[PDB]
Amino acid sequence: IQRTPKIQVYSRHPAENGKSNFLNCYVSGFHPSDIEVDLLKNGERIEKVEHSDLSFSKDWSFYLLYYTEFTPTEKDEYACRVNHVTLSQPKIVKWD
Amino acid sequence: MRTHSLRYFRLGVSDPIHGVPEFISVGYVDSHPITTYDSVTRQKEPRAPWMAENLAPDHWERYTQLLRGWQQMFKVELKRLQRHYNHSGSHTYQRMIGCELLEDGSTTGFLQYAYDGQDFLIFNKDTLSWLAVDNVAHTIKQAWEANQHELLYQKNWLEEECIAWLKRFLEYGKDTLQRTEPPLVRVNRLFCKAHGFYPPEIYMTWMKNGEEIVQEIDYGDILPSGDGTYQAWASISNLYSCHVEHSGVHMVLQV
Ligand SMILES: *[C@@H](C)/C=N/c1c(NC[C@H](O)[C@H](O)[C@H](O)CO)[nH]c(=O)[nH]c1=O
């Protein structure tokens with residue numbers, strides 16, 4: 001019995017183009033703990049990406065938050081790429 | 001005061017990947033990590049500045065030794081479970097201990113174990129017994145229930161010790177844990193969105209002509225914003241209004 005991660009991609013503050021913010025990717029409800037998370041900018045992986053330590057839910061599943069400082073623009077497309085034993089291929093979730 | 005809680009988790013992994021620790025134990029006061037321990041660092045370390053500032057090296061030194069022991073115990077207990085399950089490969093073992101101090105002054109205490117992320121053994125501190133999910137859990141239940149004094153010890157820890165630690169940690173973290181940051185709520189095309197609030201506990205709903213109908217509503221998760229605050233949403237001729245409840249303040253946004 002393995003649980004697939006829920007992936008949520010949102011900004012810290014309501015986004016305004018040209019205004020510095022943080023892009024968050026909240027990965028949760030997954031089991032087992034082994035997980036790979038990458039933040040993408042125009043399909044390419046972002047190097048300066050920070051994350052929380054693996055966290056524990058009362059339902060026995062785990063969660064983490066991956067974030068990067070960014071200045072949204074009309075042109076730039078952002079996404080969160082996740083891999084877990086429950087996934088055949090890595091899952092790319094786009095930011096609205 | 002609002003409802004507060006103290007929880008400690010333990011995670012044991014048999015056969016881990018290169019790097020991944022065999023054992024991790026983390027403590028929380030509500031949504032806040034307070035302490036951490038793993039089989040790689042082999043040290044109990046603070047996860048909140050108000051824990052670091054309020055507990056002397058002696059505390060961290062003592063508990064580092066206890067966690068080294070608790071780590072070994074978890075290895076042996078997982079070995080027993082995997083053998084009796086007759087399982088191969090990497091399997092998980094988890095423990096969650098904790099308590100809550102409710103707004104009314106009443107308390108709760110809990111202790112449970114899981115194998116492969118599923119409920120395995122659940123302690124009942126009122127009947128001093130362990131609820132077993134299957135025969136492997138039933139074999140362990142009989143062994144733990146044969147040590148009557150440990151069940152008594154556990155009842156006392158959950159009811160007395162745990163509460164005292166929680167009250168102590170609440171005072172240390174008061175500026176963080178007892179504060180209120182009201183939400184900023186907006187309605188857009190229908191989406192009701194809130195952000196910048198603390199504590200994470202909020203209720204958001206949509207009313208169609210002053211009647212709820214919770215089935216016709218899609219609720220978003222309470223998500224960490226990354227700055228110590230949270231965000232959430234709820235989506236849906238009739239009159240629609242968004243209702244937001246946070247720390248004893250009710251809010252209405254008419255559309
Ligand atoms: C620092 C105090 C870390 N403690 C810690 C504990 N402590 C709680 C309690 O004494 C313990 O759970 C006993 O087993 C209860 O009978 N527990 C834990 O799982 N992790 C910790 O890091």
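Just so it is clear, the values below take in all heavy atoms, side chains as well, and ignore hydrogens, waters and symmetry mates. Here is the naming used below: chain letters follow the sequence lines, and residue numbers restart at 1 for every chain.
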Is A:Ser52 close to chain B through its backbone or its side chain, or both, or neither, when contacts mean heavy atoms under 4.5 Å? neither
Among B:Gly220, B:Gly117, B:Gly196, which residue has the highest count of heavy-atom pairs closer than 4.5 Å to chain A? B:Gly117
Under 4.5 Å from a heavy atom of chain B, the part of A:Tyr26 involved: side chain
With sequence neighbours excluded, residues passing side-chain contact (heavy atoms from CB on, under 4.5 Å) with B:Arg47: A:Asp53, B:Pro33, B:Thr36
So for A:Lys6, is it side chain, backbone, both, or neither that comes closer than 4.5 Å to the heavy atoms of chain B? side chain
Side chain, backbone, both or neither of B:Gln118 within contact of chain A (heavy atoms, under 4.5 Å): both
Indicate the ring-plane relationship of A:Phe62 and A:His31, choosing parallel, tilted or perpendicular according to the 30° and 60° boundaries. parallel
Given a strict heavy-atom distance threshold of 4.5 Å, which part of A:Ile1 is in contact with chain B: side chain, backbone, both, or neither? both
So what's closer than 4.5 Å to chain A heavy atoms on B:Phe110: side chain, backbone, both or neither? neither
Contact origin within B:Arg95 toward chain A - heavy atom pairs under 4.5 Å: backbone
Using residues 188-195 of chain B as the side-chain source, report each donor-acceptor pair under 3.5 Å to any protein atom, sequence neighbours left out, with the distance given to one decimal.
none

Any heavy-atom pair between the side chains of A:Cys25 and A:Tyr10 that's under 4.5 Å? no
Quick check on B:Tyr230 against chain A: is it the side chain, the backbone, both or neither that has a heavy atom closer than 4.5 Å? neither
Does the side chain of B:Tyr8 come within less than 4.5 Å of B:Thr35's, by heavy atoms? yes
Are B:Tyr219 and B:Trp233 packed together at the side-chain level, in the sense that at least one heavy-atom pair is separated by less than 4.5 angstrom? no
Near-ring test B:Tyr198/B:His246, centroid separation under 6.0 angstrom: no
Please determine, among B:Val26, B:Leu223, B:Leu11, the option with the most heavy-atom pairs under 4.5 Å with chain A. B:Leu223
